Amino acid sequence: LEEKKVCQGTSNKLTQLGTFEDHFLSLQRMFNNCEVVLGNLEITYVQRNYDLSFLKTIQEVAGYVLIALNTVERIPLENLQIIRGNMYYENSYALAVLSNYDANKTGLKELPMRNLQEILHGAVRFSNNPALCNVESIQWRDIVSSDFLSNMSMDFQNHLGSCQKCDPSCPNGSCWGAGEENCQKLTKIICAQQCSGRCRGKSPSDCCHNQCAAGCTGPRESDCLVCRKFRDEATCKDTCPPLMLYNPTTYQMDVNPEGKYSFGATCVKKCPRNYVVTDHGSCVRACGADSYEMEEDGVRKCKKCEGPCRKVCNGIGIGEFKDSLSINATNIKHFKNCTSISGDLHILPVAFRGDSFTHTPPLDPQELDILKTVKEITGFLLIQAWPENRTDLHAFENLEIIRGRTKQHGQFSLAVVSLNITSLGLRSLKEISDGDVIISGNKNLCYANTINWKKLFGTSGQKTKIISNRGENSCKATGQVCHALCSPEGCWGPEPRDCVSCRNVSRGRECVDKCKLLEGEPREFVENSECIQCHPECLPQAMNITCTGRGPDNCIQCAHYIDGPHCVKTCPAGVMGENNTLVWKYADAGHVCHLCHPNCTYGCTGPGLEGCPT
Amino acid sequence: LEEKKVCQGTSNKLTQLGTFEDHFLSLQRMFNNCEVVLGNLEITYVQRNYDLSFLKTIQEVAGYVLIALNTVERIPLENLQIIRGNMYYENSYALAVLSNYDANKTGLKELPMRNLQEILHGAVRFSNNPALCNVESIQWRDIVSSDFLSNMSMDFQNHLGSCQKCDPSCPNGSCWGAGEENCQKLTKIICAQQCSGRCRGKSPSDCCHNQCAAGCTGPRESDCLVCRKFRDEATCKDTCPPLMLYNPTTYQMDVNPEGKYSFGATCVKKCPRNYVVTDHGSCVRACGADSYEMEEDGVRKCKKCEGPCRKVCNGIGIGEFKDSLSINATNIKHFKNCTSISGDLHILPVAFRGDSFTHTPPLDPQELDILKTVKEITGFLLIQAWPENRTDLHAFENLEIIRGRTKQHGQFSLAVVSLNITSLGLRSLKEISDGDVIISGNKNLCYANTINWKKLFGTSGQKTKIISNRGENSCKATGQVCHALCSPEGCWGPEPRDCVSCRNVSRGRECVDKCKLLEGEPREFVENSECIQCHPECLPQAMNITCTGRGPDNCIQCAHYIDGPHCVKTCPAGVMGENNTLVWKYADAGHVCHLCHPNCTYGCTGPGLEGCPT
Amino acid sequence: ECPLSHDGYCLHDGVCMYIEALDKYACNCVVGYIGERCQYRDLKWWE
Amino acid sequence: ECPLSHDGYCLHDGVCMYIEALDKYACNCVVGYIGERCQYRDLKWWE
Ligand SMILES: *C1O[C@H](CO)[C@@H](O)[C@H](O)[C@H]1NC(C)=O
Ligand SMILES: *[C@@H]1O[C@H](CO)[C@@H](O)[C@H](O)[C@H]1NC(C)=O
Ligand SMILES: *[C@@H]1O[C@H](CO)[C@@H](O)[C@H](O)[C@H]1NC(C)=O
Ligand SMILES: *[C@@H]1O[C@H](CO)[C@@H](O)[C@H](O)[C@H]1NC(C)=O
Ligand SMILES: *[C@@H]1O[C@H](CO)[C@@H](O)[C@H](O)[C@H]1NC(C)=O
Ligand SMILES: *[C@@H]1O[C@H](CO)[C@@H](O)[C@H](O)[C@H]1NC(C)=O
Ligand SMILES: *[C@@H]1O[C@H](CO)[C@@H](O)[C@H](O)[C@H]1NC(C)=O
Ligand SMILES: *[C@@H]1O[C@H](CO)[C@@H](O)[C@H](O)[C@H]1NC(C)=O
Ligand SMILES: *[C@@H]1O[C@H](CO)[C@@H](O)[C@H](O)[C@H]1NC(C)=O
Ligand SMILES: *[C@@H]1O[C@H](CO)[C@@H](O)[C@H](O)[C@H]1NC(C)=O
Ligand SMILES: *[C@@H]1O[C@H](CO)[C@@H](O)[C@H](O)[C@H]1NC(C)=O
Ligand SMILES: *[C@H]1O[C@H](CO)[C@@H](O)[C@H](O)[C@H]1NC(C)=O
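Residues numbered from 1 in each chain as written, not as in the entry; some residues may be left out. Chains lettered and ligands numbered in written order. Heavy atoms only, no water.

Its PDB record attributes the structure to X-ray crystallography, giving the resolution as 3.304 Å.

Right, dumping it as structure tokens:
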């Protein structure tokens with residue numbers, strides 16, 4: 001009915017964001033109303049008497065759950081059902097409750113995780129939790145997988161004494177907290193020998209579906225609390241329904257009506273327009289090195305390459321650059337001839353002034369021109385720093401498309417902040433497929449808010465955050481507005497080349513007031529509001545127009561000779577013909593080109609033999 | 001048992017094969033020891049007495065089961081568990097038991113099909129079985145699927161009475177015969193609500209896996225009696241394990257170790273060499289009209305066409321020709337420009353004398369030349385007839401490969417029988433990927449027993465049935481043997497062009513005795529036992545050889561002039577050069593070509609200006 | 001004794017026959033020929 | 001007061017700090033900058 005509410009999730013680990021209040025107030029803004037944490041759940045540095053009641057709505061965490069350095073007394077992760085474990089903390093655990101004690105040895109006391117029943121991947125770790133009560137009685141053998149049971153390290157202590165006892169109804173005295181409600185619900189180690197996975201009870205008539213996470217309301221595939229793999233609407237599938245099925249009888253391939261595409265951990269009817277559609281029937285973010293991206297056909301697909309594929313450049317934060325957090329002087333070597341960035345771009349201040357922790361030298365601003373070959377970026381573009389001696393985002397003047405298959409914090413596909421630039425300068429940017437645009441903290445930016453960003457967007461609800469850019473009427477005071485040859489569409493700068501659409505016409509990459517018809521140095525013509533030069537062999541017409549096309553075929557009068565339909569500079573004299581016979585011509589009265597006599601081998605200055613003397 | 005022994009099955013319907021004994025003998029030869037009937041199970045014209053015990057070993061029939069016109073008293077199809085109904089009898093029934101009575105109104109009496117628990121598709125038809133006992137008490141709502149019970153027409157008439165009753169233990173008096181063993185074993189309408197498919201008992205703890213057909217001996221995926229869809233070794237699968245699985249986390253595709261291929265109704269590790277391997281991970285018999293068959297290092301693969309794909313011609317017996325049983329005057333229009341028959345070819349007698357039953361005029365022998373374009377046949381080639389005036393299988397003069405993805409009777413990929421030809425003439429046949437080759441009953445046919453079939457084959461067990469032809473001693477008597485230039489590999493005829501492999505060398509498509517190196521009009525060179533003519537610009541050496549390659553780069557001496565490495569007929573006079581400057585050259589002493597003076601626009605018959613007079 | 005319609009319905013010297021029991025027409029193929037119309041030589045047996 | 005190794009470890013004027021309770025090192029980022037090293041400006045708020 002109501003698709004769960006999702007939050008990105010933090011990834012700071014033991015890092016503290018500002019003062020205890022700051023850190024808390026941020027923890028609140030990220031997980032307020034959240035029901036599904038796509039990333040990590042990191043509750044740290046929460047002090048006494050703070051209200052963590054908003055953490056009751058979290059039902060599932062895809063990454064890991066880190067709870068460390070908290071003096072707060074109670075953490076209400078009660079409605080938490082499952083921890084996927086897509087990532088581990090310290091490369092071993094999907095759940096880490098560490099050093100939660102006060103100076104007076106009195107910190108976290110109650111952790112009512114009475115609904116945490118499944119932990120798909122990773123192990124568990126409890127340590128230095130003096131006030132922790134009841135959790136010491138949890139038979140984790142049910143919650144955790146047996147594959148990780150070995151890597152599990154945890155020991156409790158009761159240096160508080162004020163811990164209560166488990167309600168008798170609690171199985172083997174196992175309970176997360178007080179009351180009969182906080183009894184550990186076992187759905188793993190209490191099942192018939194013929195139970196594939198989890199169950200509701202002990203009787204074999206209570207076996208849950210093979211694709212159920214914690215527990216189930218019924219035996220069937222659609223009676224799951226949480227899917228174990230994918231989610232096909234009502235039901236939990238192991239594999240999204242193939243677009244095509246093999247026909248054992250005809251030994252061929254048939255189309256599957258029940259077919260769905262694979263988007264993350266869900267099965268959809270179609271892929272987001274900004275993603276890549278495979279023949280398999282799954283939405284991916286990039287093709288193998290065996291393919292490129294062929295559009296048309298409606299969507300973005302993957303077709304193989306005629307020979308050696310173009311060089312694919314993994315963006316910052318993926319593959320070879322999973323750890324590198326910004327384009328630095330070290331990893332910049334691998335961005336030489338890139339026309340497409342299959343990932344993200346991070347231009348951080350740490351790259352310019354060098355980083356002594358990752359042992360990388362400062363970046364030479366002259367080396368950012370390397371990116372002038374980059375035509376499109378699949379992920380997002382984050383620019384938190386940029387050379388001061390430069391007044392323009394020059395390196396990306398050829399940037400045409402930002403797909404936004406991945407966004408900063410999962411929201412922004414284009415972020416230009418805290419810069420000394422005077423003008424964006426993205427005169428090639430034609431589409432921002434998805435994600436939001438944020439251009440703020442820019443003192444000297446005056447052309448930002450003039451662009452109609454809605455035109456550039458491609459998905460529903462794409463927002464645009466352009467604030468704190470001194471000069472709405474201050475810029476106009478310094479005469480830093482769009483040129484006179486810039487259509488109301490806006491402009492990426494002052495120069496006529498910095499226009500989105502033109503007022504009248506254009507000379508390639510620049511707008512102009514009128515094409516060079518009648519006069520001018522180069523004769524031109526008009527089509528689609530563009531000025532194209534007439535073939536050099538077009539006589540400069542001081543009266544009317546000069547030509548009606550690019551080729552010498554559309555001239556009103558030739559400048560020299562005329563070889564039939566075409567306007568030539570000099571009549572042919574050695575052009576290959578039929579039967580390997582050369583071709584020689586001559587100019588008569590009206591400068592018309594006519595074939596010479598077959599005999600004339602050294603050409604001819606007149607018709608027939610009477611034209612080529614000896 | 002792991003795998004089962006299979007039989008091709010019959011498809012004669014009500015047709016009688018010879019006399020009652022003949023017929024019975026054919027029935028016996030086919031189904032002896034057979035456990036799985038890939039086609040149909042037609043039991044007809046089985047007389048009194050006659051032992052039908054060999055049927056006891058039949059566990060499953062893919063197509064339909066026909067039991068009609070039998071005076072026999074008992075049919076022991078007891079072990080038959082499932083009828084898939086891949087095909088129907090009379091466009092309705094998967095099982096049709098019809099008019100099984102003697103002239104004295106006493107024939108089929110007992111049909112102990114006590115294990116027949118599943119009928120995947122189709123209805124059931126019982127009619128005119130005066131002696132049939134007990135079967136009238138079976139609840140077919142359990143054996144048949146609800147979708148077809150609307151087409152089920154079956155009434156039993158017991159106007160005799162030699163029948164007994166069902167053991168009191170039998171559920172609702174349902175029995176296929178006497179004894180306690182013939183009690184209908186219901187496993188469909190006795191299942192609890194939680195049951196998805198079949199079941200062992202009524203308790204939910206007995207529910208059969210979703211992918212079970214006739215029932216199970218346990219809940220698990222491996223405890224099935226018969227697979228409902230695909231069979232992956234031990235367990236029954238709905239869909240063979242994909243070669244690659246989608247990664248919900250990285251939004252990309254990962255390789256699947258459990259990955260298998262889809263061959264028929266089984267999950268294999270690799271596809272049969274002769275089959276086509278698709279990207280999906282399934283063995284097929286053809287590529288979509290969107291592509292062709294590109295051999296990829298050792299496995300037939302499907303890619304894509306760079307435009308309008310070559311015409312794919314469906315073979316007789318499939319698609320547009322499912323009804324036609326022989327290429328004839330009518331359907332032959334659709335074989336005009338074929339280079340690859342994607343099916344089978346049936347050249348039958350009826351095609352030549354014309355069929356009145358199918359309203360098709362006699363085939364004009366002159367029109368078999370149409371097939372001279374055919375290059376490969378994905379299936380089998382059957383030729384039971386051929387133009388008498390023709391001595392050769394001319395039409396298939398350029399047939400190179402027979403894949404044998406389908407074989408007649410499931411065994412033979414090439415069958416040339418009962419013909420009148422004197423020579424095969426398949427001088428282009430270089431491969432018979434699979435299937436046996438039978439060439440017999442050809443009165444005056446020679447050379448047949450000379451072919452090294454062991455060279456054309458490409459699969460284990462390929463046999464060759466060549467009997468009752470022209471006597472070998474007679475062939476050598478009338479000097480109708482392999483040409484002297486024919487290697488021991490054999491010969492497709494008397495001519496030097498009919499050799500399988502050449503003795504010495506070969507001129508394109510003909511075997512010879514030696515290349516023309518020292519003499520002969522056109523000079524040639526030897527590489528890979530092939531004779532290729534040197535570039536005409538080579539001077540015929542009356543002493544040593546002439547050249548050592550195709551291009552003029554390998555000439556011992558030029559016949560005319562020489563322009564650097566390459567030997568040319570006449571020095572270049574108009575070739576495009578650098579700076580748009582034309583190129584003119586002149587021959588000197590040793591007929592060597594040199595660049596003229598850049599001034600000479602009309603060329604120069606000599607060096608410098610002193611070579612181009614005026 | 002089948003109608004003119006099913007005349008030449010059976011190939012390879014087979015004989016058409018009317019099965020009154022089922023009200024159908026079938027073929028009685030000569031030994032060595034299979035198929036509803038006796039159209040196929042039983043290649044897996046004898047020449 | 002972190003080791004000379006973690007010198008310049010916390011970006012955007014974040015201060016390094018030793019967590020003796022866990023025997024680890026972490027950053028105390030300034031308001032507005034997130035990440036294990038305060039490397040990202042919290043775009044989804046202001047400026
Ligand atoms: C182009 O500029 C001229 C200036 O005279 C103006 O009259 C005309 O309307 C303009 N054309 C446009 C805006 O399409
Ligand atoms: C939490 O959610 C409630 C309900 O929408 C909202 O009113 C409140 O402002 C939120 N708290 C925040 C954003 O800190
Ligand atoms: C197991 O635990 C150890 C603890 O040191 C950890 O390093 C490792 O990553 C874990 N998993 C494996 C597969 O070793
Ligand atoms: C620079 O790149 C290297 C790897 O290419 C990485 O280890 C390092 O962290 C990066 N530095 C920054 C500041 O991103
Ligand atoms: C059928 O096959 C078996 C295989 O062993 C053989 O013994 C038997 O003689 C054959 N014929 C009959 C009628 O069973
Ligand atoms: C079975 O009995 C019949 C009685 O008509 C007899 O003709 C036939 O020869 C017997 N069959 C065999 C295989 O002995
Ligand atoms: C039902 O029977 C008719 C023949 O009377 C057949 O043509 C039709 O295909 C059958 N329907 C189904 C669903 O099998
Ligand atoms: C057999 O079917 C009848 C209904 O036709 C039902 O009443 C009866 O309970 C069934 N017998 C058993 C043993 O379940
Ligand atoms: C000949 O071909 C036509 C068209 O495919 C078909 O209708 C006819 O039945 C065929 N005749 C025979 C004898 O196969
Ligand atoms: C069979 O082949 C021979 C080859 O000599 C030919 O002469 C004869 O005409 C053919 N038979 C018939 C009936 O055409
Ligand atoms: C074929 O070549 C071999 C080897 O050069 C030679 O000995 C033989 O005479 C040749 N055969 C004929 C028929 O000329
Ligand atoms: C077949 O022949 C026709 C007529 O010459 C020709 O147009 C066509 O291209 C040919 N087909 C192929 C596949 O070459």
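Asks: Explanation requested: the overall build of chain A in the structure shown.
Replies: Looking only at helices and strands, chain A has four helices and 37 strands in total. By the compact-globule yardstick of 25 Å for 614 residues, chain A is too spread out, its C-alpha radius of gyration being 35 Å. Judged by the C-alpha coordinates and their principal axes, chain A covers about 125 × 75 × 45 Å. The buried share among the 614 residues of chain A stands at 49%. Counting 64 positive and 68 negative side-chain charges, chain A places the centres of these two groups 3 Å from one another. (Helix = DSSP H or I, 4+ residues; strand = E, 2+ residues; numbered from the N terminus. Rg over C-alpha atoms; globule rule 2.2 N^0.38 Å. Buried < 20%, exposed > 50% of the residue type's maximum accessible area, 1.4 Å probe, protein only. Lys, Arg positive; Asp, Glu negative; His and termini not counted. Charge placed at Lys NZ, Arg CZ, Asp CG, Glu CD.)

Asks: Whenever I open this one, the site of ligand 4 confuses me. Can you help?
Replies: Residue and element names in this part refer to chain A. Every residue near ligand 4 is listed here: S324, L325, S326, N328, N331, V350, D355, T358 and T360. Considered on its own, ligand 4 offers 360 Å² of accessible surface; in the complex 82% of this is hidden by protein. The residue inventory of the shell around ligand 4, partitioned by class, reads two nonpolar, six polar and one charged. (Near = heavy atom within 4 Å. Areas by Shrake-Rupley, 256 points an atom, 1.4 Å probe, with all protein chains shown as cover. Nonpolar A, V, L, I, M, F, W, Y, C, P; charged D, E, K, R; others polar.)

Asks: What should I look at first to understand the nonpolar core in this one?
Replies: Inside soluble globular proteins, nonpolar side chains tend to come together where they are buried. Core analysis: the biggest nonpolar cluster contains 45 residues, and B:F335, B:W386 and B:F396 have the highest contact counts within it. For this core, the elements supplying multiple residues, two or more each, are β23 (345-347), β25 (381-383), β27 (412-417), β29 (436-440) and α4 (453-456) of chain B. Beyond its immediate stretch of four places on either side in the chain, B:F335 contacts B:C313, B:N314, B:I316, B:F321, B:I327, B:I341, B:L345, B:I370 and B:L371. A:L368, A:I377, A:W386 and A:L424 belong to the second largest nonpolar core, which has 44 residues in total. (Core = buried A, V, L, I, M, F, W, Y, C linked by side-chain atoms within 4.5 Å. Contact = heavy atoms within 4.5 Å.)

Asks: Sorry if this is basic, but what is going on with empty space enclosed by the protein here?
Replies: Here the idea is plain: a probe the size of a water molecule rolls over the atoms and shows the empty space left. Applying the stated criterion across every chain yields a total of three cavities of 30 Å³ or more. Looking at the largest cavity, its volume works out to about 70 Å³. B:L17, B:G18, B:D22, B:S26, B:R29, C:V30, C:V31, C:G32, C:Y33, C:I34 and C:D42 are the residues that line the largest cavity. Of all the secondary-structure elements, those providing two or more residues to the lining of the largest cavity are α1 (20-31) of chain B together with β3 (33-34) of chain C. At three residues, α1(B) tops the list of elements feeding residues into the lining of the largest cavity. Tallied by class, residues from the lining of the largest cavity come to five nonpolar, three polar and three charged. (1 Å grid on protein atoms, 1.4 Å probe; cavity = no way out; pocket = protein on both sides within 12 Å on 5 of 7 lines; lining within 4 Å. Points joined across faces, edges and corners; volume = space filled by probe spheres on them.)

Asks: What am I meant to see in the interface of chain B and chain C here?
Replies: Interface size, as often reported, equals the accessible area lost upon joining of the parts. Taken residue by residue, the interface counts 43 residues in chain B and 31 residues in chain C. Regarding the contact of chain B and chain C, the summed buried area is about 3000 Å², with carbon and sulfur atoms giving 60% of it. A salt bridge links B:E90 to C:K24; its shortest N-O distance comes to 3.3 Å. Inspection of the region where chain B meets chain C yields 15 residue pairs in polar contact. Broken down by secondary-structure element, the contributors of at least two residues to the side of chain B that touches chain C are β2 (16-17), α1, α3 (349-353), β27 and β29 of chain B. Split by residue class, the side of chain B that touches chain C holds 18 nonpolar, 18 polar and seven charged. Inspection of the sheet shows β2(B) paired to strand β2 (residues 24-29) of chain C by two bridges, in the parallel sense. Bridging from a neighbouring strand, B:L17 pairs with C:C29 of β2(C). (Buried area = accessible area lost by both parts, 1.4 Å probe. Salt bridge = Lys/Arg side-chain N within 4 Å of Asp/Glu carboxyl O. Polar contact = N/O pair within 3.5 Å; in protein donor to acceptor, adjacent residues only side chain to side chain. Pairing = 2+ DSSP bridges.)

Asks: Please clarify how the packing of aromatic side chains should be interpreted in this entry.
Replies: To describe a pair of aromatic rings, one takes the distance between the centres and the angle between the planes. The final tally for this structure, using the stated rule, is 34 aromatic pairs over all chains. Judged by centre distance (5.6 Å) and plane angle (50 degrees), the rings of A:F126 and A:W140 are tilted. Of the two residues, A:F126 sits in strand β10 (residues 123-127) while A:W140 sits in helix α2 (residues 140-143), which places them 14 residues apart along the sequence. Across this residue pair, the class does not change: A:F126 and A:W140 are buried. Ring geometry for A:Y275 versus B:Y251: centroids 5.9 Å apart, planes at 45 degrees, classification tilted. Here A:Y275, found in the loop between β15 (266-268) and β16 (276-277), pairs with B:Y251, found in the loop between β13 (244-247) and β14 (252-255), and the two come from separate chains. One exposure class covers both A:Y275 and B:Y251, and it is buried. One aromatic cluster in this structure is built from A:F126, A:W140, A:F156 and A:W176. If you follow A:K105 out to its NZ or CZ, it ends over the ring of A:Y101, 4.3 Å from the centre. (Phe/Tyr/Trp six-rings, centres within 6.5 Å; stacked < 30°, edge-to-face > 60°. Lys NZ or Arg CZ within 6 Å of the ring centre and 35° of its normal.)

Asks: Just to check I follow, could you spell out the interface of chain A and chain D for this structure?
Replies: Chain A puts 43 residues into the contact, and the matching count from chain D is 31 residues. Interface area, chain A with chain D, both sides summed: about 3000 Å², of which 60% is carbon and sulfur. Looking only at chain A, the three residues that lose the most surface to chain D are A:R29, A:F357 and A:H409, adding up to 20% of its buried area. Counting every contact that joins chain A to chain D gives two salt bridges. With a closest N to O distance of 3.3 Å, D:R37 and A:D355 form a salt bridge. If you look at where chain A meets chain D, you find 13 residue pairs in polar contact.

Asks: I keep staring at the domain arrangement of chain A and nothing clicks. Help me out?
Replies: Domain parsing of chain A yields domain 1 (1-185), domain 2 (186-309), domain 3 (310-477) and domain 4 (478-614). A straight line from the C-alpha centre of domain 2 of chain A to that of domain 4 of chain A covers 60 Å. (Domains from an automatic or database assignment.)

Asks: Can you help me understand unusual backbone geometry in this one?
Replies: Phi is mostly negative for residues that are not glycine, and the peptide bonds are mostly trans. Residue and element names in this part refer to chain A. Of note in this structure, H359 is not a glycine but carries a positive phi near 60 degrees. Relative to the elements of secondary structure, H359 occurs in the loop between α3 (349-352) and β23 (376-377). The backbone of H409 shows a phi angle near 60 degrees, a positive value even though the residue is not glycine. Its location among the elements puts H409 in the loop between β25 (401-402) and β26 (412-417). For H409, a relative accessible area of 14% puts it in the buried group.

Asks: Looking at this structure, how should I read the UniProt feature "disulfide bond" in chain A?
Replies: All names here are of chain A. With its sulfur atoms 2.0 Å apart, the listed UniProt disulfide between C558 and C567 is closed in this model. What makes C558 buried here is its relative accessible area of 14%. A residue is classified by how much of its surface remains accessible, and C567, at 8% relative accessible area, is buried. The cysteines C596 and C604 carry a UniProt disulfide annotation, and their SG atoms are 2.0 Å apart, under the 2.5 Å mark, so the bond is there. (Disulfide = S-S within 2.5 Å. UniProt positions renumbered as here; feature names shortened; annotations may be inferred.)

Asks: Is there a simple way to think about the sheet that holds strand β7 (residues 82-83) of chain A in this case?
Replies: Sheet strands associate in pairs through backbone hydrogen bonding, adopting either a parallel or an antiparallel arrangement. Strand order in the open sheet formed by five strands is β1-β3-β5-β7-β9 (chain A), with parallel pairing between adjacent strands. Edge strands, defined here as strands with exactly one partner in the open sheet, are β1 (6-7) and β9 (118-119) of chain A.

Asks: Got a minute to help me understand a nonpolar patch on the surface in this structure?
Replies: Residue and element names in this part refer to chain A. Side chains of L518, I545 and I556 sit close together on the surface and give an oily, nonpolar patch of about 240 Å² of accessible area. Among the secondary structure elements, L518 is positioned in the loop between β31 (511-512) and β32 (524-527). The class for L518 is partly exposed, based on a relative accessible area of 41%. (Patch = residues over 30% accessible without salt bridge, like charges linked within 9 Å, V, L, I, M, F, W, Y side chains within 5 Å.)

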